[PDB]
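Notes follow once the structure below has been shown.
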Amino acid sequence: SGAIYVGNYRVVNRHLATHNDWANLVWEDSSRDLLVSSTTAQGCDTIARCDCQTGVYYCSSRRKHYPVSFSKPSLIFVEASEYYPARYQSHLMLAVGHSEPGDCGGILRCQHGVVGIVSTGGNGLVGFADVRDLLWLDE
Ligand SMILES: Cn1cc(CC(=O)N2C[C@@H](C(N)=O)C[C@H]3C[C@H]32)cn1
Ligand SMILES: [Zn+2]
């Protein structure tokens, strides 16, 4: 679990979105595993605007933060789950690191701010849904 709070928006993994998230829906994209809902309170997370390939993510299944090198956002094949059929997930970045399904929602940050959230995992690879291209999150 986990979310990004920026301005009047809440960014979560689409597969973990609540009834409240869907009732205040702003935007969602199944191909990216993202959902953004509106909030009443103000968010102060800074979204990174960059091409960094190094950062730190939070891993709840280890209660630890790990530094990682990660790939450029791209279309990557992802296995079927109770949430999606087998498909290409877009805007996904991979890194060598530990993750388990409940780790979804952990933030990846670089020196510029929030880069994305944990979304996929398996075989010692962790995948993060990028949010740096969503320029409207700031305005
Ligand atoms: C962080 N993490 C996720 C997994 C499994 C995994 O790859 N998943 C894929 C995800 C998706 N974006 O399609 C849906 C849920 C089932 C999860 C393992 N560690
Ligand atoms: Zn950066």
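Computed over heavy atoms, backbone and side chain alike; hydrogens, waters and symmetry mates excluded. The residues of the chain are indexed from 1 along the displayed sequence.
The existence of a salt bridge linking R87 and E79 is excluded, since no basic side-chain nitrogen approaches an acidic carboxylate oxygen closer than 4.0 Å. For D29 and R14, the salt-bridge test fails: no basic side-chain N is under 4.0 Å from an acidic carboxylate O. A salt bridge links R49 to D138: one of the charged nitrogens lies within less than 4.0 Å of a carboxylate oxygen.
Cluster membership check: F128 does not share its hydrophobic cluster with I76, using side-chain heavy-atom separations under 4.5 Å among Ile, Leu, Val, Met, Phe, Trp and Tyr. Cluster annotation: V115 is not connected to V11 through the hydrophobic network of ILVMFWY side chains, with a link wherever side-chain heavy atoms come within less than 4.5 Å. By the criterion of side-chain heavy atoms lying less than 4.5 angstrom apart, applied directly or through intervening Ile, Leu, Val, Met, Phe, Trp or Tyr residues, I117 is grouped together with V114 in one hydrophobic cluster. Under a hydrophobic-cluster definition in which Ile, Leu, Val, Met, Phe, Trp and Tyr are linked whenever side-chain heavy atoms come within less than 4.5 Å, directly or via other members, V36 and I47 are assigned to the same cluster. The hydrophobic clustering, which links ILVMFWY residues whose side-chain heavy atoms are closer than 4.5 Å, places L125 and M93 apart.
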Kindly indicate, with the supporting measurements, whether the criterion side-chain contact (heavy atoms from CB on, under 4.5 Å) is fulfilled by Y5 and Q42. CA-CA 8 Å; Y5 292 92; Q42 179 84 4; over 6 Å; no

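Here the side chains of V118 and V126 are in contact, with some heavy-atom distance below 4.5 Å. Looking at heavy atoms from C-beta onward, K64 lies out of side-chain contact with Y58 at the 4.5 angstrom threshold.
A perpendicular orientation is assigned to the rings of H15 and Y84, their planes being inclined by more than 60° (bins at 30° and 60°).
A distance-only check finds a donor-acceptor pair linking the side chain of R132 to the backbone of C52 [under 3.5 Å]. Looking at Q53, its side chain does come within 3.5 Å of a backbone N or O of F70 through a donor-acceptor pair.
The shortest non-hydrogen separation linking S38 to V26 is N-CG2, 3.6 Å. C50 approaches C110 most closely through the heavy-atom pair SG-SG, 3.9 Å. Shown here for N8 and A41, the closest heavy-atom pair between the two residues is OD1-O, 3.7 Å. The minimum heavy-atom distance linking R32 with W27 is given by the pair CD-CH2, 4.1 Å. Taking every heavy atom of both residues into account, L137 and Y9 meet most closely at O-CD1, 3.5 Å. Between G121 and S99, the shortest heavy-atom distance links the atoms CA-OG, 3.4 Å.
Defined by atom type and a distance below 3.5 Å, a donor-acceptor pair is missing between the side-chain atoms of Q89 and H91. Looking at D103 and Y57, their side chains never bring a donor and an acceptor atom within 3.5 Å of each other. A side-chain N or O of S90 and one of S31 form a donor-acceptor pair less than 3.5 Å apart.
The residue from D130, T120, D33 that alone fulfils the side-chain contact (heavy atoms from CB on, under 4.5 Å) condition with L92 is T120. The side-chain contact (heavy atoms from CB on, under 4.5 Å) test with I4 is passed by exactly one of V131, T46, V12: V131. For the side chain to side chain donor-acceptor pair (under 3.5 Å) criterion with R10, the lone passing option out of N20, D21, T39 is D21.
To the nearest 0.5 Å, the span separating CG on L35 from CG on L25 amounts to 5.5 Å. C59 contributes atom SG, which lies 7.0 Å from atom CD of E100 (distance to the nearest 0.5 angstrom). Once rounded to the nearest 0.5 Å, the distance linking CG of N13 with CG of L34 reads 7.5 Å. Atom CG of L94 sits about 12.5 Å away from atom OG of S69, to the nearest 0.5 Å.
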